[PDB]
């Protein structure tokens, strides 16, 4: 019934033959048959399906209260699958104006070359979202909170816009995780995750997922999962599943630690602006409160003294690790403007060069606050 329970129990039952309590790691590419096309348990070739991946898919679906789940080699592979399943040449996608850089790069640098068009919009403005919808729009791509500004989109509101124009709605739920936000309950057709981030939780397995309740959509995804073959290995699928068992517990601590870090930085003279969905003054706070169970582990801040101060903070932390990625037990810090591609100018919001992004981990909060205090001098 509860999400912590499902994350542990759903989608692998102890094996009948051995009782093994955990899904085994099936490092087999192929599966013996009886008589010919007499499949055992439906298994025939690992890319097509294998038992470890099935277990992960069932756990993933369960924690989003979805009927169907599909696992991929990365978040980007899941995104690529979703785009290729739902779009064809001549179709259009509405996307966020501050999307995840990787998603933006895949759509702008790859899919435009295959005659897909897009329009970026401020997803917080429902009138703008609707206005960006054309007769060719087949998909609205929602991410909330966004990476790195933590902007908020009203999922139920956007889902209505999609229903009214026969466009599917996909929510990239990576930052919130299943633990904090359930987009299918709010009207989304499909949820995407990079399981590399909070679901795995340990910065040790790259992976993606798509979940849906629409059986025909799940079939379209399966055709590309099999056909194009961006599929996870079984050791990685096991590590993803293992991480997922502690997601609920970890997200609670992440949120608590992040709230403390946001309050500390909000009081600190080196900081001009704190971006955290739980702050009453954060734009979209009331939307976040309505659709999220907690406000997450991500905090971004803008430095009063500019790009140099941002770079200095990133350089001087000793517990926050200066590295890309997010959603790990270990705190991570980065300066996102350093990752700017020239090409995004005009099509995506400029990430301010005074901004630092903090992925607040589950270390003792006093040590995290002390690290930031010393780093800031």
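Residue numbers count along the first chain shown, from 1.
Inset, instruction - Could you check the entry and say whether 158-166 or 115-123 has the higher mean CA B-factor? - result: Looking at the record's C-alpha B-factors, the answer is 158-166.
Inset, instruction - Can you let me know which of the two, 126-134 or 204-212, has the higher average C-alpha B-factor in the entry? - result: Mean CA B-factor is higher for 126-134.
Inset, instruction - Just grab whichever of 102, 229, 243, 283 has the top CA B-factor as deposited. - result: Of the candidates given, the C-alpha B-factor peaks at 283.
Inset, instruction - Quick one: which of 63, 332, 36, 27 shows the highest Cα temperature factor in the PDB entry? - result: Highest C-alpha B-factor among the listed options: 36.
Legend entry - Lowest, middle or highest third - CA B-factor, residue 21: For residue 21, whose C-alpha B-factor we compare with every modelled residue in the chain, the answer is the middle third.
Inset, instruction - Ordered by C-alpha B-factor within the chain, which third holds residue 108? Give me lowest, middle or highest, please. - result: Residue 108: CA B-factor falls in the middle third of its chain.
Legend entry - Position of residue 148 among the chain's modelled residues by C-alpha B-factor, lowest, middle or highest third: Top third by C-alpha B-factor.
Inset, instruction - State the tercile, meaning the lowest, middle or highest third, of residue 172 with respect to the CA B-factors recorded for its chain. - result: Lowest third - that is where residue 172 ends up once the chain's C-alpha B-factors are sorted.
Inset, instruction - Could you say whether, by C-alpha temperature factor, residue 275 belongs to the lowest, middle or highest third of its chain? - result: For residue 275, the deposited C-alpha B-factor lands in the middle third.
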